[PDB]
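Chains as they are written, first to last, in my numbering: chain R, 44 to 246; chain P, 6 to 200.
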Ligand SMILES: Cc1cn([C@H]2C[C@H](O)[C@@H](COP(=O)(O)OP(=O)(O)O)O2)c(=O)[nH]c1=O
Ligand SMILES: Cc1cn([C@H]2C[C@H](O)[C@@H](COP(=O)(O)O)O2)c(=O)[nH]c1=O
Ligand SMILES: [Mg+2]
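Put into structure tokens, the structure is as follows:
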């Protein structure tokens, strides 16, 4: 059971993942969680983070270069994810493939029907062989509240987080992805969602 | 001993790799060779080539992104390089870390003493762990002779400036000692000089 948690920056994903893990375990299911990008476990991830903070020359200026590094990070995580799914009943991922599609489209002012979304789909699911998630849960939230959360919980904000319009468009692209079942079945929830009920719903 | 053969497209690196290897073997030394980018064996390498052919949107428009891909390709070969270095007296690499410094600087109109070349050293050698070559052999060729024999290959201006950064990397001893040679260099004398 592979579950992916998606959403904009400051949406509260970490928290949702926490509550959901407990609920699942409460219902006796073994849970494992993994977050992307894998800071500290991937050079591709680390360079991506440093790039979002202005480092590495013109790296961050390329939408596809950034998407590639995140995709390369997940690719190096294929055996890790398969290993988790084998050792636990529920594997929960804080951010996954859909993140790349939502942000890349948003940075290019494209929607779910744009080239970037389709490109991410082919690259990660078809070529890099990333395991399709059984569930993609979009934690939808107020753009203002999310923006403020990042501002408060800030370590300094990167170039994506300081881009209020990028965040709004990313929220919108996410909604389109969820509505059309991009990459599988989605579940849209709010911050005030009941863990136990959500868990019972997903599993 | 780890040896890297550097040079622009059309310099004749493969031929030199072949001759130098035969020379070392004749001198009673085992030799293994490896070529970069590892097209067909690396995803980073393949995406880079594809990007150089107009694929993957705006990826190729970024100098550092392209540079990062070639470096990640080399990173994936560290274990292979370390295995060769343990098994053979001489390991010859057709294109290595200096290629990234040369092409990146050339794309940015920088010189061997600039930011990009310094960046490549900080990334590949220390962060990624690529062994620093004992010798970097530059098969120097003028733009005219090279021109006589993707986005990069098609750019003569880029090829010319790349040759220029190579000439400077060699003079400044970027990443270690260098040797400049021509496609007519005598294998035996070269092997004796590198021994
Ligand atoms: C995982 C991932 C993140 N991103 C974006 C979303 C975030 O702005 C940023 C970093 O991811 P994030 O999980 O927000 O990291 P941090 O812990 O540093 O806040 O990059 C992508 O564009 N694609 C991806 O595949
Ligand atoms: C290995 C490597 C190649 N390149 C380049 C030069 C070539 O134009 C292209 C592919 O190399 P190739 O022609 O030897 O197969 O990528 C870099 O810019 N940096 C590197 O580190
Ligand atoms: Mg974030």
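Cβ coordinates follow ideal geometry from the N, Cα and C atoms, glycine included.
Residue 52/R: beta carbon under 7 Å from a heavy atom of ligand 3? Taking the first residue of the first chain as 1, we reach residue 52/R at position 9. The answer is yes for residue 52/R.
Once the 5 residues before and after residue 289/R are set aside, which same chain residues still bring their CB inside 7 Å of it? Given that chain R is displayed from residue 44 to residue 246, the structure contains no residue 289/R and the question cannot be resolved.
For the segment 83-102 of chain P, which residues have a beta carbon sitting closer than 9 Å to at least one beta carbon of chain R? Within the segment 83-102 of chain P, no residue has a Cβ that lies closer than 9 Å to any Cβ of chain R.
Spell out whether any CB of chain R is found under 8 Å from the CB atom of residue 3/P. In the structure as shown, chain P starts at 6 and stops at 200, and residue 3/P therefore has no counterpart that could be examined.
Flag residue 132/P as yes if its beta-carbon sits less than 8 Å from any beta-carbon of chain R, otherwise no. On the second chain, position 127 is the one that residue 132/P refers to. Yes, residue 132/P counts as interfacial toward chain R.
Hey, would you say residue 137/R sits closer than 8 Å to residue 45/R, going by beta carbons? Taking the first chain and counting its residues from 1, one reaches residue 137/R at position 94. Taking the first chain and counting its residues from 1, one reaches residue 45/R at position 2. Not a contact, by the Cβ cut-off of 8 Å.
Terminal residues of the continuous beta strand (DSSP E) containing residue 97/P? As a working mapping, residue 97/P is identified with position 92 in the second chain. Unbroken beta strand (DSSP E) run through residue 97/P: 95-99.
Exposed or buried, which one is residue 140/R when buried takes at least 16 other CB atoms within 10 Å? Sequence index remark: in the first chain, residue 140/R carries index 97 (1-based). When all chains shown are included, residue 140/R counts as buried.
Proximal chain B residues relative to residue 10/P, where beta-carbon distance stays under 7 Å: Of the chains in the structure shown, none is chain B; the protein chains are R and P.
Neighbour list for residue 115/R in chain P, Cβ cutoff strictly below 8 Å: As a working mapping, residue 115/R is identified with position 72 in the first chain. Correct list: 48, 49 and 77.
Name the residues in the segment 137-166 of chain P whose C-beta lies less than 7 Å from a C-beta of chain R; which are they? Contact residues of the segment 137-166 of chain P toward chain R are absent (C-beta to C-beta distance below 7 Å).
Run the CB neighbour count on residue 26/P, radius 10 Å, all protein chains shown included, and call it buried at 16 or more, exposed below. Taking the second chain and counting its residues from 1, the one referred to as residue 26/P is at position 21. Label assigned to residue 26/P: buried.
In or out: residue 83/P buried (at least 16 other Cβ within 10 Å) or exposed? Counting from 1 along the second chain, the entry for residue 83/P is found at position 78. Exposed, since its Cβ has fewer than 16 Cβ neighbours within 10 Å.
Mind checking residue 214/R: buried by the 16 CB within 10 Å criterion, or exposed? Numbered from its first residue, the first chain carries residue 214/R at position 171. So residue 214/R counts as buried.
What residue range does the beta strand (DSSP E) around residue 185/P cover? The count along the second chain starts at 1 and reaches residue 185/P at position 180. Residue 185/P -> beta strand (DSSP E) spans 182-186.
Let me see if you follow: with CB-CB separation under 8 Å, is residue 102/R close to chain P or not? Here residue 102/R refers to the residue found at position 59 of the first chain. Residue 102/R counts as touching chain P.
From the DSSP output, in three-state form, read off residue 171/R for me. Locating residue 171/R in the first chain gives position 128, counting from the first residue. It is coil, neither helix nor strand.
Is residue 41/P near ligand 2, going by C-beta to nearest heavy atom under 7 Å? Locating residue 41/P in the second chain gives position 36, counting from the first residue. Yes; taking the cut-off as 7 Å, the Cβ of residue 41/P has a heavy atom of ligand 2 nearer than that.
So does residue 168/R have its beta carbon nearer than 7 Å to some heavy atom of ligand 1? Here the question's residue 168/R lines up with position 125 in the first chain. It does not: the Cβ of residue 168/R is nowhere closer than 7 Å to a heavy atom of ligand 1.
Residue 64/P beta carbon near ligand 5 (any heavy atom closer than 7 Å): Here the bound small molecules are ligand 1, ligand 2 and ligand 3; ligand 5 is not part of this structure.
Does the beta carbon of residue 73/P sit closer than 8 Å to a beta carbon anywhere in chain R? Within the second chain, numbered from 1, the residue matching residue 73/P stands at position 68. Yes, because at least one Cβ of chain R sits closer than 8 Å to the Cβ of residue 73/P.
Report the option in 11/P, 88/P, 14/P and 159/P whose CA atom is closest to the CA atom of residue 58/P. As a first step, residue 58/P must be located in the second chain, where it is residue number 53. Selected option, being the one with the closest Cα: 159/P.
The beta strand (DSSP E) that contains residue 2/P, what's its start and end? The requested residue 2/P does not occur in the structure, where chain P is confined to residues 6 to 200.
Give the residues from the segment 58-80 of chain R that approach chain P closer than 8 Å (Cβ to any Cβ), ordered along the chain. So nothing in the stretch comes that close.
Residues near residue 119/P by beta carbon distance below 7 Å, same chain, minus five either side: To locate residue 119/P, count along the second chain from 1; it is residue 114. Closer than 7 Å at the Cβ level, and outside the excluded window around residue 119/P, lie 110.
Short check: CB of residue 97/P to CB of residue 22/P, under 8 Å? Locating residue 97/P in the second chain gives position 92, where the first residue counts as 1. Locating residue 22/P in the second chain gives position 17, where the first residue counts as 1. Closer than 8 Å, so yes.
Does the Cβ of residue 204/R lie closer than 7 Å to at least one heavy atom of ligand 3? Position 161 of the first chain, counted from the first residue, corresponds to residue 204/R. Yes; taking the cut-off as 7 Å, the Cβ of residue 204/R has a heavy atom of ligand 3 nearer than that.
Inter-residue CB distance, residue 155/R and residue 209/R (contact presumed, cutoff 8 Å): Reading the first chain from its first residue, position 112 is the one you call residue 155/R. Reading the first chain from its first residue, position 166 is the one you call residue 209/R. Not confirmed; about 16 Å, so no contact.
Are the segment 64-79 of chain P and the segment 224-237 of chain R in contact at 8 Å, needing three or more beta carbon pairs? no
Taking 7 Å as the cut-off, does the CB of residue 108/P come closer than this to any heavy atom belonging to ligand 2? As a first step, residue 108/P is located in the second chain; it is residue number 103 there, counting from the start. Correct: residue 108/P has its Cβ closer than 7 Å to ligand 2.
Would you say residue 113/P and residue 12/P are within 8 Å of each other, going by their C-beta atoms? Numbered from its first residue, the second chain carries residue 113/P at position 108. Numbered from its first residue, the second chain carries residue 12/P at position 7. Taking 8 Å as the Cβ cut-off, residue 113/P and residue 12/P do not qualify as a contacting pair.
How many Å lie between residue 84/R and residue 33/P at the Cα? Translated into positions along the first chain, residue 84/R becomes position 41. Translated into positions along the second chain, residue 33/P becomes position 28. Computed Cα separation, rounded: 43 Å.
Quick check on the DSSP output: the alpha helix (DSSP H) that includes residue 64/P runs from which residue to which? To locate residue 64/P, count along the second chain from 1; it is residue 59. From DSSP, residue 64/P is part of no alpha helix (DSSP H); its letter is neither H nor E.
When we look at the beta-carbon of residue 73/R and count the other beta-carbons within 10 Å, is it buried (16 or more) or exposed? Here residue 73/R refers to the residue found at position 30 when the first chain is read from its first residue. Under this definition residue 73/R is an exposed residue.
From 86/R, 47/R, 160/R and 105/R, pick the residue whose C-alpha is nearest to that of residue 203/R; which is it? Here residue 203/R refers to the residue found at position 160 when the first chain is read from its first residue. Shortest Cα-Cα distance from residue 203/R to any of 86/R, 47/R, 160/R and 105/R involves 105/R.
8 Å Cβ cutoff met for residue 10/P and residue 39/P: Within the second chain, numbered from 1, the residue matching residue 10/P stands at position 5. Within the second chain, numbered from 1, the residue matching residue 39/P stands at position 34. Their beta carbons are not under 8 Å apart, which means residue 10/P does not touch residue 39/P by this criterion.
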